[PDB]
There are 4 protein chains.
Amino acid sequence: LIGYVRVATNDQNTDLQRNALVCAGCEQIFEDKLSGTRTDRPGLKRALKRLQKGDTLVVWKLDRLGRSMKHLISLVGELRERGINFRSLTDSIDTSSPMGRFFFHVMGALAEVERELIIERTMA
Amino acid sequence: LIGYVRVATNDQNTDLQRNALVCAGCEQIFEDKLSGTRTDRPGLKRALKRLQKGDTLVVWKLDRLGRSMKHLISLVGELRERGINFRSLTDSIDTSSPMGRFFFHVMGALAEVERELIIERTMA
Amino acid sequence: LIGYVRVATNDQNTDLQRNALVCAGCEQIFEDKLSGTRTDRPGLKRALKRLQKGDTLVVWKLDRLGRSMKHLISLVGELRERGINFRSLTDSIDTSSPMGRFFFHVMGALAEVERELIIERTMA
Amino acid sequence: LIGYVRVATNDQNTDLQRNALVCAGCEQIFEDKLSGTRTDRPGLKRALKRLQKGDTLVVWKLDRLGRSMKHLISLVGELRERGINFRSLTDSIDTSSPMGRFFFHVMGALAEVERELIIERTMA
């Protein structure tokens with residue numbers, strides 16, 4: 001029901017993210033800057049505020065969220081025990097079903113081990 | 001370097017777990033009761049005490065540990081950022097390498113979604 | 001609807017496999033010897049004979065079947081395009097749904113990479 | 001050592017694919033049209049011709065290859081038993097190691113179940 005988008009410094013690309021979010025059926029808008037820290041939540045804090053039990057979460061791609069699956073799992077799983085579920089759009093995954101949670105944390109597993117192998121490529 | 005085993009109330013099965021742990025190369029002994037709670041750590045607390053940076057963790061099977069991957073990932077990943085790594089025996093996985101962490105949290109993903117589908121089978 | 005069990009040379013363990021298969025709801029019986037080859041099908045050939053479109057497959061564990069996921073995927077996927085589906089019991093997976101096929105070939109992926117790491121442990 | 005790229009009808013995008021392939025270290029060039037069939041190999045047939053034992057395979061993304069993991073696994077696994085290995089670039093996976101084959105066929109698993117859920121979205 002509620003959507004959120006992450007980007008660096010340019011805000012023209014989010015306009016066509018926002019478009020597809022609305023079309024996918026959601027109510028409210030949230031967008032953040034990445035200039036500073038991408039694992040310290042800025043205006044995502046307000047997304048946790050305006051969210052209540054039964055409702056859901058809108059995400060284009062898992063990667064555009066935080067990527068660190070240690071930090072990821074230990075957050076979405078807290079909503080799981082707060083009564084609120086989460087779906088990922090072009091990732092194509094829901095947390096609603098136990099069978100469904102699986103694709104999630106293996107895509108979340110992949111998302112980290114993605115960054116973890118990409119970031120070490122920079123060294124040698 | 002340090003080993004730990006989980007069981008219900010009988011302690012003859014752990015004797016041949018202990019045997020294979022020693023053979024696999026480890027120093028100290030830790031064993032707990034399951035009578036009460038399996039997600040509230042009893043004498044595992046002492047395993048976190050006698051453990052220091054660089055050292056490792058010995059586990060026969062991931063399942064015999066806690067199973068709840070929300071609770072699992074948010075613990076081993078803390079050692080990952082504490083400088084201490086972890087290997088799983090007959091699960092056949094290490095956390096040492098980033099490529100290696102993968103098999104881990106998809107086996108940990110599996111371990112939860114195992115219990116999650118087993119426990120719901122009891123209902124209807 | 002139709003069940004199959006794999007074992008080495010002793011046939012007392014299959015009796016309590018057979019029991020749980022029947023209870024899980026299936027019609028016919030199939031059991032093979034492993035003395036010789038485990039990737040060359042013996043009396044499984046008859047299971048492909050007495051099987052028709054719409055019907056399903058009964059398996060206790062994926063491992064007790066062949067394990068080689070190159071050989072596995074390239075067989076079950078043939079039924080997938082023959083109109084016949086497959087479910088795995090204590091593995092807890094169906095091929096019926098596309099979302100469901102996933103847990104399958106990652107458990108099938110695991111089953112191979114299990115044997116592949118177990119068999120290389122024998123060397124050095 | 002040898003590279004291959006897949007595209008629809010425009011050939012300007014492959015020019016910057018080709019660029020990164022060369023930089024990643026490979027010898028020869030192969031590119032195909034997608035106008036007709038994407039699961040019936042056209043000028044990929046020549047890639048199987050000019051390839052010998054010990055050598056490797058270059059792929060930008062698994063998806064840009066065929067996607068059908070039934071058809072995928074039952075091909076790469078044939079090289080696996082032909083002595084020739086395969087690496088995937090921005091997918092970041094090799095088949096060289098048994099531990100490595102894993103990320104592969106779960107990314108290959110993902111690639112299919114990607115298309116399988118994308119293609120069914122078109123219906124209703």
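Read-outs: derived from the displayed coordinates by stated rules, not from any lab. Note: ideal-geometry Cβ built from the backbone for every residue, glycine included; neighbour counts use all protein chains shown.
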Exercise for the section: Kindly establish whether B:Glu112 is of a type outside the set (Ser, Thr, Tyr) and buried (at least 22 other Cβ atoms within 10 Å of the Cβ). Expected result: yes
Exercise for the section: Go through the residues of region A:40-62 one by one and say whether even a single one is out of contact with any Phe, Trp or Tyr (no Cβ under 6 Å at 6 or more places or on another chain), small (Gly, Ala, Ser) and within 29 Å of B:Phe102 (Cα to Cα). Expected result: no
Problem - Enumeration of residues in region D:7-25 that are surrounded by 11 or more Cβ atoms within 10 Å (Cβ to Cβ) and assigned to a helix (DSSP H, G or I) - result: D:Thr14, D:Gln17, D:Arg18, D:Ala20, D:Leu21, D:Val22
Problem - region B:73-86 - residue that is within 11 Å of chain A (Cβ to nearest Cβ) and surrounded by fewer than 16 Cβ atoms within 10 Å (Cβ to Cβ) and, of those, nearest to the chain's Cα centre (by Cα) - result: B:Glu78
Practice task
Taking A:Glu120 as the residue in question, decide whether it is surrounded by fewer than 17 Cβ atoms within 10 Å (Cβ to Cβ), within 23 Å of A:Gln28 (Cα to Cα) and either more than 14 Å from chain B (Cβ to nearest Cβ) or not polar (S, T, N, Q) (or both).
Solution key: no
Handout entry: Test: C:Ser35 is more than 21 Å from B:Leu117 (Cα to Cα), of a type in the set (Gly, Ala, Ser) and away from every other protein chain (no Cβ under 11 Å)
Key = yes
Practice task
With respect to B:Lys70, determine if the residue is within 14 Å of chain A (Cβ to nearest Cβ), touching a residue at least 24 places away in the same chain (Cβ under 8 Å), more than 13 Å from the chain's Cα centre (by Cα) and on the phi < 0 side of the Ramachandran plot.
Solution key: yes
Fill in the blank from the handout: Quick count over region D:18-42, residues being touching a residue at least 12 places away in the same chain (Cβ under 8 Å), under 23 Å from D:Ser68 (Cα atoms) and over 13 Å from the mean Cα position of the chain (by Cα), is 3
Exercise for the section: Return a yes/no flag: does region C:47-61 have any residue that is in contact with a helix residue (DSSP H, G or I) (Cβ under 7 Å, 6 or more places away or on another chain), among the hydrophobic types (A, V, I, L, M, F, W, C), within 29 Å of B:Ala109 (Cβ to Cβ) and more than 14 Å from chain D (Cβ to nearest Cβ). Expected result: yes
Practice task
Output the residue which, of all residues in region A:104-121 that are of a type in the set (A, V, I, L, M, F, W, C) and more than 15 Å from the chain's Cα centre (by Cα), is nearest to D:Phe102 (Cα to Cα).
Solution key: A:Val113
Problem - Given (1) in contact with a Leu (Cβ under 6 Å, 6 or more places away or on another chain); (2) hydrophobic (A, V, I, L, M, F, W, C); (3) surrounded by 16 or more Cβ atoms within 10 Å (Cβ to Cβ), number of the condition B:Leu65 does not satisfy - result: (1)
Handout entry: Output for region A:93-124, where each listed residue is out of contact with any strand residue (DSSP E or B) (no Cβ under 7 Å at 6 or more places or on another chain) and charged (D, E, K, R)
Key = A:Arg101, A:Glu112, A:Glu114, A:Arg115, A:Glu116, A:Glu120, A:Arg121
Exercise for the section: Evaluate region D:87-103: report whether one residue or more is surrounded by fewer than 20 Cβ atoms within 10 Å (Cβ to Cβ) and either more than 14 Å from every other protein chain (Cβ to nearest Cβ) or in contact with a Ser or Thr (Cβ under 7 Å, 6 or more places away or on another chain) (or both). Expected result: yes
Handout entry: Qualifying position, being within 12 Å of C:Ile2 (Cβ to Cβ) and exposed (fewer than 13 other Cβ atoms within 10 Å of the Cβ), among C:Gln52, C:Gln28
Key = C:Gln52
